[PDB]
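> these chains are from a complex, not moved at all, and more is on the way:
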Amino acid sequence: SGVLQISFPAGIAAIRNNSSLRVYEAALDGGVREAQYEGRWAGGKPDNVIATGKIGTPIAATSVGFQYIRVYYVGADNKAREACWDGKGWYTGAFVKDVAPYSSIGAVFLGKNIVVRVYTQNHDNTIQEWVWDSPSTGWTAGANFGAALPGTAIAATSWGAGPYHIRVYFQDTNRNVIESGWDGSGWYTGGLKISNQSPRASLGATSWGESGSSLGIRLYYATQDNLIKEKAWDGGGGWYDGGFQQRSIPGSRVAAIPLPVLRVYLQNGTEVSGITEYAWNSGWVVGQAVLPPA
């Protein structure tokens, strides 16, 4: 066990391809460790580092199956960087952007083609989108959502193609959790608002289905009491308070992968620094008490 090498609190990101999972956790030296679920849990060790950022790096991960994985982290040079998987080994990606030293990161693949959005916080504390549509044009600026709380968590999810549907959750300068939305016709301010939350309260999103009845979105958020709670959206909506409620360590990040393998990853104190998996199976249960390298 080298669970004590895991940060307290760690940056956490999670992806899945069917019942194959990956969880990316921050080591306390800035190392971004991969944990693998392939019918059992492995990795999280020093030889599972896919890159090194600064101590306290946020992690954001996104994928198209396991055909393409992209993991985002912040270096000690206050630049967001990118680790890449294209089926035959990890490599450094072209994504390099200056961020506020306290910036969080969100990232999404758009549809089943290799199209990427990354959301970071500028020095001026605005949320800026980064766009990759193809190699010819490379990384460009997309939308800037304006002033956000300095240090805000940033949580992004996408579903659909033609058009793509994107939601980005972050805190405004009055500590409210708000939502930036895109459905093909410009960015708007969404229906989701959690009033007057804790400064830099952690945020995690997942989504499943398509626009209409099948659609689901879950947004996991820190309460001022070191709980992680859940806002939920299904089909045509009405945001509501979901059943997920769990005690966490102060500052726990949270990451979610979607139904039908709905899992939520946080730090609740197990083995001190270890990450815990919660699983929806007609009700919340302990999916795995502590992730590798425990």
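Okay, I see it. Numbers count the residues shown, from 1 in each chain, chains lettered A, B, ... in the order given.
> Could you pull out the strands in the stretch 151-294 of chain A for me?
For the stretch 151-294 of chain A, the strands identified by DSSP state E, counting those that start in this stretch occupy A:154-159, A:165-171, A:177-182, A:187-189, A:203-208, A:216-222, A:227-234, A:240-247, A:255-257, A:263-266, A:276-280, A:284-288, in order along the chain.
> want to try JSON lines for those strands, with distance to residue A:111 and mean neighbour count as columns?
Just so you know, the C-beta spots here come from the backbone N, C-alpha and C atoms, and that holds for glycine as well. Output for the strands of the stretch 151-294 of chain A, formatted as JSON lines (distance: least, Cβ to Cβ, whole Å; neighbours: other Cβ atoms under 10 Å):
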{"stretch": "strand A:154-159", "distance to residue A:111": "8", "mean neighbour count": "23"}
{"stretch": "strand A:165-171", "distance to residue A:111": "10", "mean neighbour count": "24"}
{"stretch": "strand A:177-182", "distance to residue A:111": "13", "mean neighbour count": "21"}
{"stretch": "strand A:187-189", "distance to residue A:111": "18", "mean neighbour count": "14"}
{"stretch": "strand A:203-208", "distance to residue A:111": "13", "mean neighbour count": "24"}
{"stretch": "strand A:216-222", "distance to residue A:111": "17", "mean neighbour count": "23"}
{"stretch": "strand A:227-234", "distance to residue A:111": "20", "mean neighbour count": "19"}
{"stretch": "strand A:240-247", "distance to residue A:111": "27", "mean neighbour count": "14"}
{"stretch": "strand A:255-257", "distance to residue A:111": "18", "mean neighbour count": "24"}
{"stretch": "strand A:263-266", "distance to residue A:111": "23", "mean neighbour count": "25"}
{"stretch": "strand A:276-280", "distance to residue A:111": "25", "mean neighbour count": "20"}
{"stretch": "strand A:284-288", "distance to residue A:111": "28", "mean neighbour count": "16"}
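> Relative to residue A:45, which of those strands is closest?
Checking the strands of the stretch 151-294 of chain A against residue A:45 by Cβ to Cβ gives strand A:284-288 as the closest, at 16.7 Å.
> The strands of the stretch 151-294 of chain A into TSV, with extra columns for distance to residue A:48?
As requested, the strands of the stretch 151-294 of chain A are exported to TSV (distance: least, Cβ to Cβ, whole Å):
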stretch	distance to residue A:48
strand A:154-159	25
strand A:165-171	29
strand A:177-182	32
strand A:187-189	37
strand A:203-208	22
strand A:216-222	25
strand A:227-234	25
strand A:240-247	26
strand A:255-257	17
strand A:263-266	16
strand A:276-280	17
strand A:284-288	17
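> So for residue A:100, which of those strands sits nearest?
Comparing the strands of the stretch 151-294 of chain A by Cβ to Cβ, strand A:154-159 comes nearest, at 11.3 Å.
> Can you check what angle separates that closest one from strand A:203-208?
0 degrees (axes from the mean of the first three to the mean of the last three Cα atoms, to 10 degrees).
> packing partners for strand A:154-159?
Under the contact criterion of 3 or more Cβ pairs under 8 Å, 6 or more residues apart in numbering; DSSP states H and E, strand A:154-159 touches strand A:105-109, strand A:116-121, strand A:165-171, strand A:203-208.
> now do 6 Å
Packed against strand A:154-159 by the contact rule (3 or more Cβ pairs under 6 Å, 6 or more residues apart in numbering; DSSP states H and E) you find strand A:105-109, strand A:165-171, strand A:203-208.
> Include this sequence as chain B:
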Amino acid sequence: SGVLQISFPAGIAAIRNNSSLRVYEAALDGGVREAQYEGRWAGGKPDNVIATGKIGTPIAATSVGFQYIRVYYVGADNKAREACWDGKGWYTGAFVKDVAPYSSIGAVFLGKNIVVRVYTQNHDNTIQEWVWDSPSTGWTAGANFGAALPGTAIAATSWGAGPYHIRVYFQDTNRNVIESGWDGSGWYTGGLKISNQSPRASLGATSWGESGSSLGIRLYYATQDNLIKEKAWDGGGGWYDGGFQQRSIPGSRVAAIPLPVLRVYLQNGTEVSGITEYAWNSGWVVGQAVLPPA
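So, slotting chain B in with the rest:
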């Protein structure tokens, strides 16, 4: 603006000569910054750095008036190090000791001569005493309190001249806050016990008076739900829950300087990452909403 350079959460240390205060706060690049109170608050800026540790460095600070100041921090190499003041300018101390990567620091002067104790957590997770008695002998290993919780906070306070009195507060492997005492005739387990507290809950001790009726000890500590509360010992005895109960950011540190200039420093989310001063004046009040560099 400048206050956004302070870590979230930040190591905090405080000392005082009469009504002259010094507060040491960690910048989010590991910078150890000095705020000064000389009838008004100043400092906290980049040209007030006295030393640079790893991001999330703990800070311990101890003084004999303002004739002698010692400030302890952890470097990027997992070595606890010292910045010194002898009344003529800041220099690098001889104290360089290996520490677990997540180690805290407690440090005390013993009496009015130049005698120092530093408490750290070793790689094996034991609490280690470092002894400085004179130049002839230099830094030596002292007592070892055994297994502690990996990443425990460490708070240390001393009073008295001969015998010297030392109390060291830290978290055992069962998450209980416990006390190591020295009254001149060997170390013992003290009466202070705070059962099954949050793994690595912050800790801050001040003491005043002398063994006898005039003795004060105040131990500030973090609760599971982001309050800082207080354990109080007055002269003769009986630990009691103190009046001091404030809301904090997740993982806020706490530092305190003794009555009759009793002030508690913590991070409650004012200007996001600013340190707030509480004052004792027949009841707890706000003394300084936000410390420099804000």
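> mind redoing what packs on strand A:154-159 now chain B's in there?
strand A:105-109, strand A:165-171, strand A:203-208 (3 or more Cβ pairs under 6 Å, 6 or more residues apart in numbering or on different chains; DSSP states H and E).
> out of these, nearest to residue B:195?
Residue B:195 sits nearest to strand A:203-208 of all the helices and strands packed on strand A:154-159, at 31.6 Å, using Cβ to Cβ.
> Contact residues of the stretch 51-200 of chain A facing chain B?
A:55-56, A:101, A:150-151, A:199 (Cβ under 6 Å from any Cβ of the partner chain).
> again, 7 Å this time
Within the stretch 51-200 of chain A, the positions lying close to chain B (Cβ under 7 Å from any Cβ of the partner chain) are A:54-56, A:101-102, A:149-151, A:199-200.
> just to revisit the earlier point, could the helices and strands packed on strand A:154-159 be laid out in TSV, adding distance to residue B:208?
Below are the helices and strands packed on strand A:154-159 laid out as TSV (distance: least, Cβ to Cβ, whole Å):
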stretch	distance to residue B:208
strand A:105-109	47
strand A:165-171	41
strand A:203-208	44
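> Between these, which one is closest to residue B:140.
Of the helices and strands packed on strand A:154-159, nearest to residue B:140 by Cβ to Cβ is strand A:105-109, at 46.5 Å.
> ok, residue A:207 - contacts?
A:157, A:159, A:216-217, A:258 (Cβ atoms under 7 Å, 6 or more residues apart in numbering or on different chains).
> again, 6 Å this time
With contacts taken as Cβ atoms under 6 Å, 6 or more residues apart in numbering or on different chains, residue A:207 has the following neighbours: A:157, A:159, A:217.
> From these, pick the one nearest chain B.
residue A:157 (24.1 Å; Cβ to the nearest Cβ).
> in terms of contact, does the closest one touch residue A:204 like I think?
No - with contacts counted by Cβ atoms under 6 Å, residue A:157 stays clear of residue A:204, the gap being 9.5 Å.
> Without its sequence neighbours, what residue ends up closest to the residue in chain A that chain B sits nearest to?
Closest approach between chain A and chain B, counting by Cβ to the nearest Cβ: residue A:250, at 3.4 Å. Counting by Cβ to Cβ, 6 or more residues apart in numbering or on different chains, residue B:250 is the residue found nearest to residue A:250 once chain neighbours are left out, at 3.4 Å.
> can you give me phi and psi for the one you found?
Dihedral pair for residue B:250: phi -50, psi 120, per degrees, to the nearest 10.
> measure it to residue B:223 for me?
Note on residue B:250: its distance to residue B:223, by Cβ to Cβ, to the nearest Å, is 12 Å.
> These two: which has the busier surroundings?
Neighbour comparison, residue B:250 and residue B:223: the larger count goes to residue B:250, with 24 against 15 (by other Cβ atoms under 10 Å in any protein chain shown).
> Tell me who's in contact with the more buried one.
A:250-251, B:226.
> just residue A:125 next, same as before
A:148, A:150.
> what's the angle from the helix or strand in which residue A:82 is found to strand A:116-121?
For residue A:82, the host element (DSSP states H and E) is strand A:79-85. With the same axes, to 10 degrees applied, the angle from strand A:79-85 to strand A:116-121 works out at 150 degrees.
> what angle sits between strand A:79-85 and strand A:105-109?
40 degrees.
> Just name whatever secondary elements strand A:79-85 is in contact with.
Strand A:79-85 packs on strand A:68-74, going by 3+ Cβ pairs under 6 Å, 6+ apart.
> Remind me what the strand it packs on packs against, helices and strands.
In terms of contacts (3+ Cβ pairs under 6 Å, 6+ apart), strand A:68-74 is packed against strand A:60-64, strand A:79-85.
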